Amino acid sequence: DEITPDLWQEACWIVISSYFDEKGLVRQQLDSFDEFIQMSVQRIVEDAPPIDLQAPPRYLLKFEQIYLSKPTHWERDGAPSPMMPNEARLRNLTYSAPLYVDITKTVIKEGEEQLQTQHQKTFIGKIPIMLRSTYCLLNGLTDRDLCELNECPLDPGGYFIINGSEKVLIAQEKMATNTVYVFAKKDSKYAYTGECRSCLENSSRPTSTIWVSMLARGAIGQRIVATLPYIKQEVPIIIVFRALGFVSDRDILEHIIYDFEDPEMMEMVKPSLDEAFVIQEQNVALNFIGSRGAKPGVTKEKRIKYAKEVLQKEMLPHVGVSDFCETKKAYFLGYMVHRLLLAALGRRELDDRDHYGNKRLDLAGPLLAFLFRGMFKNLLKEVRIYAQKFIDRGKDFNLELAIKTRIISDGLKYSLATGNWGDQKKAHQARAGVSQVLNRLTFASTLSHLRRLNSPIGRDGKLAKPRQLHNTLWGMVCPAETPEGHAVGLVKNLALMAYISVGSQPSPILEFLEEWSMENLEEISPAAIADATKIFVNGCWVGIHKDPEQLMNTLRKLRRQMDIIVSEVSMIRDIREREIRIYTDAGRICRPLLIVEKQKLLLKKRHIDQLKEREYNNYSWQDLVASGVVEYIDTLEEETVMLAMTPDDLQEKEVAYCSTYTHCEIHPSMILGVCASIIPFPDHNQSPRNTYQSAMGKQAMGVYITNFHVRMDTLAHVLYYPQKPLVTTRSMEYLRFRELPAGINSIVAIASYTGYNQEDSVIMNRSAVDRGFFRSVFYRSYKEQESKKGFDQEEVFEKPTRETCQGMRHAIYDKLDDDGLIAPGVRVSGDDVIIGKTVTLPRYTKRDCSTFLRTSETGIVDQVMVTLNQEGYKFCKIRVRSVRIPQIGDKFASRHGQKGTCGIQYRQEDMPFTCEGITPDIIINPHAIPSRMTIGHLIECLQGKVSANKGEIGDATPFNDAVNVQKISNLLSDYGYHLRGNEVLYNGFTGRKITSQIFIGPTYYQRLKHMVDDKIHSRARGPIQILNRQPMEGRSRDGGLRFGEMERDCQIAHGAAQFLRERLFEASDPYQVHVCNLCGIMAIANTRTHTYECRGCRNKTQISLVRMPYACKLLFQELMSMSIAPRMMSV
Amino acid sequence: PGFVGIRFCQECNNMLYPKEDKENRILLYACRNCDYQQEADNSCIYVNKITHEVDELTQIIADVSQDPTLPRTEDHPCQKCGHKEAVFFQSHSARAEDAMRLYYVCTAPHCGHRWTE
Amino acid sequence: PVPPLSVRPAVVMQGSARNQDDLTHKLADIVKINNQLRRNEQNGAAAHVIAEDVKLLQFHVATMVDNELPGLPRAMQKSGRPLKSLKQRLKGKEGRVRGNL
Amino acid sequence: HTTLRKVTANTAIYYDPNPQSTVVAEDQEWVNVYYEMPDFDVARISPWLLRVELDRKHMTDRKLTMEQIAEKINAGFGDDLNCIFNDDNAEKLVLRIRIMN
Ligand SMILES: [Zn+2]
Ligand SMILES: [Zn+2]
Ligand SMILES: [Zn+2]
């Protein structure tokens, strides 16, 4: 029955494999989008108010149902056809499906003359579709079906195709809503502040933040204030309580202080009462609120109405926005004050801003919902204006012409295309970085980009606290994978078994709590709240309970049985403070864990047995979760959980550590993400090395996707001979690194050989490189289109001619065909022409606008595709193919942060060799190891020697006590090798033995995208910028290198004044001006007629020539634009 | 000394503020909203414990013994019920510097005795 | 003072559409409101109308030489991007002095 | 720097109408030992008393005595704020203030 330790390493990984058979790696994206389409769009459409318009006749126009068909495309003839994602990629279409809404317009004029007209399936917009979602044509297709459609079966999906560009929505971090968080700002007028970003269940407005603060000590005592929304002045809490109908001080403290035996709380609230005694009735308090507001009505009536509306709608919407909710709002605001007092009295800890239990991940669904709310509101507005301008004339109108569908369509398309998350007009208030271009450089880069999280703290911020790896990231975020540049700690990555909750309605839970012995908050007396336990659901205090323990037992049983409580519902019992917080909302990152009985796992051997035959008896992960054996625990419920790292922790020990565990890790290696799960032995490296590899696995070459032959990507690198690593971890089985690997096993020798590998460099074998070692192919796609925008000027693909075309370069166009397009198989060098495009003029009647190769490439045309774009003019894509043979300067890396460029390449006779004539493919310098402490590199090399000599794949899973260095060495000594991986090598040049026995063996190396040929650049009098006549910027522009301020300072320190003048004047922008010797302002010179005159001074004899930079002339002219007179006085 | 609690009027249920009656030279607690008055029984109006000599045993609740994440010990039996097992934990409360002190709670149900060594 | 064409070059795009500089668009606004104010003072206009026109002219000139005025709205252009005034042309890094001199 | 809070244990306000019969029982000895001779204007006495309790640890850590404290109070507030105190022998370091009129 029990899984014994000897079977555990199989059982756990069997369980893990079942998880990845059920979910995958992009499950969060697909589930978010599915919830958005199934629920969020319908909720948004129904939550909009019916637009009642009347001059008389009236019309309501109620939207009642939505229909999202499959993705289709409409040609110029208008025939709807099912559009495949690959066709969208090739034709630069948007993989979107039409959204139709049912509309009901009832005519009501007078005399009960009512009649309803329903417009079924009114086309309301087009919604882009996430690939492999339920509403994707690739849904449920087999691998054969996907290959029939020219799709990769290993492609995870989880992205959109907008204008042929694959866009991926990055999950955005945000502070959780409807939760009270008591912080303390050191530099502020308030000692303590308790904030609550409140938002109603079905979002319709932004988060309304309410603060309840305490004024810092230094009138008599500490005063509690409340910064309500839409009010620009602090308001005493007692005033707010009275404005809600609680005038008696006893009632207010009944709502705030639940234990009247506690004078400390009492004296700390007393200043607030003493400050609010002149105001003693609800109307006066409402008038005070309205007066403190930023729109103080001259008459107290409208002041009181405004205060009523604010306290009913903007104050704590999550508690309830309807009327008669003042009791719930009073209880909740009293809870906020109670929490603030507990913090000020030291009875509760301040809340941690960085705790991921306090955060939420805004995924594709809830982000598209924000867009859709804004866009549907704008659409209903436009419909209101259109219908109003017609009914004002007293006649009917056609809603089909009122609905301008471009709002929703173009809005979603623009937002996903650019990443600016918001309305196109508010292009600066909008937050960019959402919806990035999917990284297709290697399969690991694609997976990681699809599992990418973002902390929008702002890269400019230099506070390290949000960048720090918090304790609560354990199991939810990769500890290693993070960019090492300016976004350290802000851009994160999901751990492998991390699941972001999609969201759920609290209705069944609330109903069960009602049927259960919970007492509502309006029905109780406050005297009961002392000993009772509060119950919050999605931040709303809904009631109280008397035995929280057996309530938690009941709820956990219900969630483990897949009863009314769904698996993703978090249920935290804080014991010391008697809250029970239940969460069903979306964005809660959680992970699966094995539940533990008294001191035993519930995962018995029968579950492993049924999981082994997963493909026959359809016993899956969901059956494991439904059995009550596995549980999803979120960051906030982990605080109440006692984990076992392994079932070995559940053994009874000579001194028991815990003996009351509640859960167990499925495997600790699941704390790593996609790119860190490729590192072998990451627990033997320094952690920065693991981070650098997690970044560098994403630039590694491989086969980024199986269907690369049909993709017209702008840039693509494919390795000739990718190999799976000889030394692998058990997590790559689910990353599909074995099916799409990104490196080669290289016989690497760590040695000092000729000095060409010093300081992070490598010596490669020229003979191996000749045999296809780390050879790659680079595919570059050029796009072009001939626009017939108007009869004024039209472009067209056609072989240009020297007699008709004007802007025709001296390059030869013979490689083009009569259609103007080069043919596949044609070898093209730099500056060559691949598309001959000519544009009609207003060298006559047509000008050359041909597409050249990006300079200095020298490839062969791989293929040419011709089609029609969305509007329907001819559209061409040409993929050119360039074989990249590794060379000096190309960057290579192992899986341990050990990067370096090729210093030199030696032939096989020049490389050092073992007694059996094995030469290293790569030689790396021993000095790269000691400071870096990448012992995982050495253990991987030794394990790889054992694996190659044994005919197996080494197990480098991080935390594995069945694999240590002594075992690997003992294994290697059985194959006739030195147990530590050393060998006697001979000098290739002289054949003499090397005195020091070299450490050599197979290690998995990666070829990175950074090849020297894509970086080398030179300039000598090339093109210049228009504004300031200085060299351009970039290799692509044939630009010059920037001689910056620091270079100026260095050369000033050198004392090299002529070199400094050459760099900053003569090699950048030499220029001449003519200055009036009297006024010092630039004069008018006419060198052809030799007439120089200053219009200002009315002189034409006292002019002087001045040699100045063009940028300085431009500066002085831009100062004269500002009415400044910079007078260059030559005397 | 001990703290002093707030007391409310019997008519308006607002807090009673302190006042002095010169005629009898006696402390009274009177409401500044209604016209109620009361004869005080403590004679003390304000108390500040700067030292903050708070007995944290009063802040503990027996329910904490149900926490699976707290450590348990068999070496400190309960003086009230004789149960062997007991959870222990530190103060973890602000304004307490010498907070390495351990507080124990009996894990027996319905006993919930709390103490300190 | 309206600068010359070198300070605000009209760059030609791939086709024939000549795109004007931000300074040129701003000067267009300034000349528009200046002519509008000139006619409104010359012909029938209310005092408050002339006042509003003068206020708008002030806004245009100020945002031509300095666009980041606190409180005031930023001078806008097509695509919702604020215009680059003469001050941002040389305010700091990547300006004339640090970025080109 | 040492303020009265750094060395104070706990402060309290009482309503003592006659100092002869104090509200507290343990402060009846030294109060009568002080009051049997008229040291100040007993008529200019207020029934509101302010009793502060010190702590021996902080008193000793600064080599401080009630004499210096009372002198500092009577200097900062003059005679308007009467202060009295016992010797540095009792188990509780206590000193009583009243407001003069
Ligand atoms: Zn002049
Ligand atoms: Zn009263
Ligand atoms: Zn006990």
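So, how was this worked out
Counting starts from 1 on each chain and goes along its sequence as written, which need not follow the entry numbering; residues with no coordinates are hidden. Working convention: letters from A go to chains and numbers from 1 go to ligands, in the order in which they are written. Any value mentioned applies to the visible chains, which represent part of a larger assembly rather than the whole. Excluding hydrogens and water, the side-chain figures rest on all heavy atoms present in the structure. Every helix listed is a DSSP run of H or I at least four residues long, and every strand listed is a run of E at least two residues long, numbered separately from the N terminus. The size measure is the radius of gyration over C-alpha atoms, and the globule rule it meets is 2.2 Å times the number of residues to the 0.38 power. The contact definition used throughout considers only heavy atoms, calling two residues in contact when any of these lie within 4.5 Å. Reported accessibility uses the Shrake-Rupley method at a 1.4 Å probe radius. Residues are deemed covered only where the shown protein chains occlude them. Two parts placed together each lose some accessible area under a 1.4 Å probe, and the buried area is that loss summed for both. By definition here, a salt bridge exists when the distance from a side-chain nitrogen of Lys or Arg to a carboxyl oxygen of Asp or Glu is within 4 Å. Identification of polar contacts relies on pairs of N or O atoms within 3.5 Å, with a donor-acceptor requirement for protein atoms, meaning one able to donate a hydrogen and the other able to accept it, and with residues adjacent in sequence counted only if both atoms are side-chain atoms. UniProt positions are given in the numbering used here, feature names are shortened, and annotations may be inferred rather than shown by experiment. Think of it in three bands: with a 1.4 Å probe and only protein chains considered, a residue is buried below 20% of the maximum accessible area for its type, exposed above 50%, and partly exposed in between. Distances define the donors: N, O and S atoms within 2.8 Å of the metal qualify, as do those within 3.2 Å of Na, K or Ca. Water is excluded, so some sites may look unfinished. Angular criteria define each label, namely tetrahedral for four donors with all angles between 85 and 135 degrees, square planar for four and octahedral for six donors with opposite donors over 155 degrees apart and remaining angles between 65 and 115, and irregular for whatever fails these tests. Patches draw on residues past 30% relative accessible area with no salt bridge. Two like charges within 9 Å are joined, as are two nonpolar side chains (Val, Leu, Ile, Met, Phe, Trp, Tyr) within 5 Å. In this charge count, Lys and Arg are treated as positive and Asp and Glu as negative; neither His nor the chain ends contribute. Charge placement uses NZ in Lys and CZ in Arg. For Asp and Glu, CG and CD serve respectively. Only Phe, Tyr and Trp rings take part, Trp by its six-membered ring, and two of them pair if their centres are within 6.5 Å. Stacked means planes under 30 degrees apart, edge-to-face means over 60, and tilted covers everything else. By the criterion adopted, a ring carries a charge over it if an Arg CZ or a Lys NZ lies within 6 Å of its centre and within 35 degrees of its normal. Pairing between strands requires that DSSP locate at least two bridges from one strand to the other. Each domain's extent was defined by an automatic or database domain assignment. Fitted lines through C-alpha atoms serve as axes, helices being fitted only where they are in contact, and the angles separating the N-to-C directions of these axes extend from 0 to 180 degrees. In these notes the angle categories are as follows: under 35 degrees is roughly parallel, over 145 is roughly antiparallel, 65 to 115 is roughly perpendicular, and the rest is oblique. Helix crossings are classified by the rotation of the near helix relative to the far one: an anticlockwise turn of less than a right angle makes the crossing left-handed, while a clockwise turn makes it right-handed. Under this grouping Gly is polar, as are all residues other than the nonpolar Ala, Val, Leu, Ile, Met, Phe, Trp, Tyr, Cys and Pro and the charged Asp, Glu, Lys and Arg.

**Concerning the overall build of chain D**
Helices and strands together make up the secondary structure of chain D, namely four helices and four strands. Radius of gyration (C-alpha) of chain D: 13 Å, near the 13 Å computed for a compact globule of 101 residues. The principal-axis extents of the C-alpha atoms in chain D amount to approximately 40 × 30 × 25 Å. Look at the contacts in chain D between residues 6 or more apart in sequence, and 63% of them connect residues 24 or more apart. Summed over its atoms, the accessible surface of chain D is roughly 5,800 Å², and 55% of this surface lies on carbon and sulfur atoms.

**Observations regarding the interface of chain A and chain C**
In this complex, chain A contributes 28 residues to the contact, which on the side of chain C involves 22 residues. For the chain A and chain C pair, buried surface summed over both sides reaches about 2,100 Å², with 58% attributable to carbon and sulfur atoms. At the boundary of chain A and chain C, one finds three salt bridges. Inspection of the region where chain A meets chain C yields 10 residue pairs in polar contact.

**A look at the UniProt feature "binding site: Zn(2+) 1" in chain B**
Under the present numbering, the feature "binding site: Zn(2+) 1" in UniProt falls on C9(B), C12(B), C31(B) and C34(B). Their sequence span is 26 residues, while the largest C-alpha to C-alpha distance among them is just 8.4 Å; these annotated residues converge on one region. Within the element layout of this structure, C12(B) appears in the segment before β1 (17-21). For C12(B), a relative accessible area of 18% corresponds to the buried category. Sequence-distant contacts of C12(B), that is, excluding residues within four places in its chain, are made with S248(A), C31(B), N33(B) and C34(B).

**What about the coordination of the zinc ion (ligand 2)?**
Residues and elements named next belong to chain B. Donor atoms from the polypeptide that bind the zinc ion (ligand 2) are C9 (SG), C12 (SG), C31 (SG) and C34 (SG), placed at 2.3 Å. Coordination at the zinc ion (ligand 2) is irregular, judged from the four donor atoms that bind it and the angles of 82 to 170 degrees they form at the metal. Within one chain, the residues donating to the zinc ion (ligand 2) are spaced in sequence as C-x2-C-x18-C-x2-C. Of this pair, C12 sits in the segment before β1 while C34 sits in the loop between β2 (26-30) and β3 (37-39); the two residues are 22 residues apart in sequence, bridging distant segments of the chain. The class for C34 is buried, based on a relative accessible area of 18%.

**Concerning a negative patch on the surface**
A cluster of acidic residues, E511(A), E514(A), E515(A), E522(A) and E523(A), forms a negative patch at the surface. Relative to the elements of secondary structure, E514(A) occurs in helix α15 (residues 507-515).

**So, the packing of aromatic side chains**
Residues and elements named next belong to chain A. In total, this model carries 38 aromatic pairs over all chains according to the counting rule given. Judged by centre distance (5.6 Å) and plane angle (15 degrees), the rings of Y753 and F989 are stacked. Take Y753: its relative accessible area is 6%, and that puts it in the buried class. Grouped by ring-pair contacts, the aromatic residues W13, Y19, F20, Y499, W621, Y632 and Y734 constitute a single cluster. Of note, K121 hangs over the ring of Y67, and the distance from its end group to the ring centre comes to 3.3 Å.

**Here we look at the pairing of strand β2 (residues 45-54) of chain D**
Residue and element names in this part refer to chain D. Burial analysis of β2 places eight of its 10 residues in the buried class, the great majority of the element. Alignment of strand β1 (residues 8-15) against β2, held across seven bridges, turns out to be antiparallel. Bridge pairing links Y14 to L49 in β2. The sheet contact formed by β2 and strand β4 (residues 94-100) spans six bridges and is antiparallel. Among the inter-strand pairings, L49 is bridged to a residue of β4, identified as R98.

**A look at the sheet that holds strand β41 (residues 859-868) of chain A**
In a beta sheet, neighbouring strands are held together by backbone hydrogen bonds and run either parallel or antiparallel to one another. Residue and element names in this part refer to chain A. Strand order in the open sheet made by the five strands is β30-β34-β42-β41-β36, with antiparallel pairing throughout. Both outer strands of the open sheet, β30 (715-719) and β36 (827-828), are each paired with one neighbouring strand and no more. Sheet topology note: the β41/strand β42 (residues 874-884) ladder contains eight bridges and is antiparallel. Looking at the pairing, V864 lines up with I878 of β42.

**Comments concerning the domain arrangement of chain B**
Along its sequence, chain B is organised into domain 1 (1-48) and domain 2 (49-117). For domain 1 of chain B versus domain 2 of chain B, the distance between C-alpha centres works out to 37 Å.

**Thoughts on the coordination of the zinc ion (ligand 1)**
All names here are of chain A. Protein-derived ligands of the zinc ion (ligand 1) are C1076 (SG), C1079 (SG), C1094 (SG) and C1097 (SG), with the metal-ligand distances lying across 2.3 Å. Classification of the site at the zinc ion (ligand 1) rests on its four donor atoms, whose angles at the metal span 93 to 135 degrees, yielding the label tetrahedral. In primary-sequence terms, the residues that donate to the zinc ion (ligand 1) follow C-x2-C-x14-C-x2-C. Residue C1076 is located in strand β51 (residues 1070-1076), and its partner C1097 is located in the loop between β53 (1091-1093) and β54 (1103-1109); the two are separated by 21 residues in the primary sequence. A relative accessible area of 1% means that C1076 is categorised as buried.

**A short note on the interface of chain A and chain B**
Bring the parts together and some accessible area is lost; that lost area is often taken as the interface size. At the junction of the two partners, chain A supplies 29 residues and chain B supplies 25 residues. Here chain A and chain B share an interface that buries about 2,500 Å² over both sides, 55% of which is from carbon and sulfur atoms. Ionic pairing is found between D63(B) and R578(A), a salt bridge with its closest N-O pair at 2.8 Å. Along the contact surface separating chain A from chain B lie 11 residue pairs in polar contact. Looking at the side of chain A that touches chain B, the elements that each hand over two or more residues are α6 (249-256) and α7 (263-275) of chain A.

**Describing a positive patch on the surface**
Residues and elements named next belong to chain A. A surface patch of positive charge is lined by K377, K381, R384 and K425. Its place among the elements puts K377 in helix α11 (residues 364-391). For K377, a relative accessible area of 64% puts it in the exposed group.

**So, the packing of α6(A) against α7(A)**
Residues and elements named next belong to chain A. α7 packs onto α6 with a crossing angle of 130 degrees between their chain directions and a minimal axis gap of 12 Å. Accordingly, the angle class assigned to the pair α6 and α7 is oblique. By crossing handedness, the relation of α6 to α7 is classed as right-handed. Together, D249, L253 and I256 of α6 and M265, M266, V269 and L273 of α7 make up the contact between the two elements. When the residues that make up the contact of α6 with α7 are grouped by side-chain class, the tally is six nonpolar, no polar and one charged.

**Remarks on helix α2 (residues 28-35) of chain D**
Where α2(D) is concerned, the buried positions are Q28(D), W30(D), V31(D) and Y35(D). In the core, the buried residues of α2(D) are packed alongside β2, β3 (81-85) and β4 of chain D.

**Side note on the pattern of salt bridges**
Applying the stated criterion across every chain, the model contains 82 salt bridges over all chains. Of the charged contacts in the structure, one is a salt bridge between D770(A) and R766(A), with a shortest N-O distance of 3.7 Å. One end of the pair is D770(A) and the other is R766(A), both in helix α22 (residues 766-770) and four residues apart, which spans about a single turn. For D22(C), the salt bridge is made with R81(C), and the minimal N-O distance between the two is 3.1 Å. Of this pair, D22(C) sits in helix α1 (residues 22-42) while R81(C) sits in the loop between α2 (47-65) and α3 (86-89); the two residues are 59 residues apart in sequence, bridging distant segments of the chain. Looking at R81(C), the relative accessible area reads 38%, which means it is partly exposed.

**A look at the arrangement of the chains**
Most contacts, among the three pairs of chains that meet, fall between chains A and B. Chain C makes no contact with chain B, the minimum C-alpha separation between the two being 43 Å. For the non-touching pair chain C and chain D, the nearest C-alpha separation works out to 45 Å.

**Some thoughts on the sheet that holds strand β18 (residues 452-454) of chain A**
All names here are of chain A. The four strands are arranged β16-β10-β18-β19 in an open sheet whose pairing can be described as mixed. The open sheet is flanked by β16 (359-362) and β19 (491-493), the only strands paired with a single partner. Direction aside, neighbouring strands of the sheet carry axes that sit 35 degrees apart on average. Across four bridges, the pairing between strand β10 (residues 171-175) and β16 is antiparallel.

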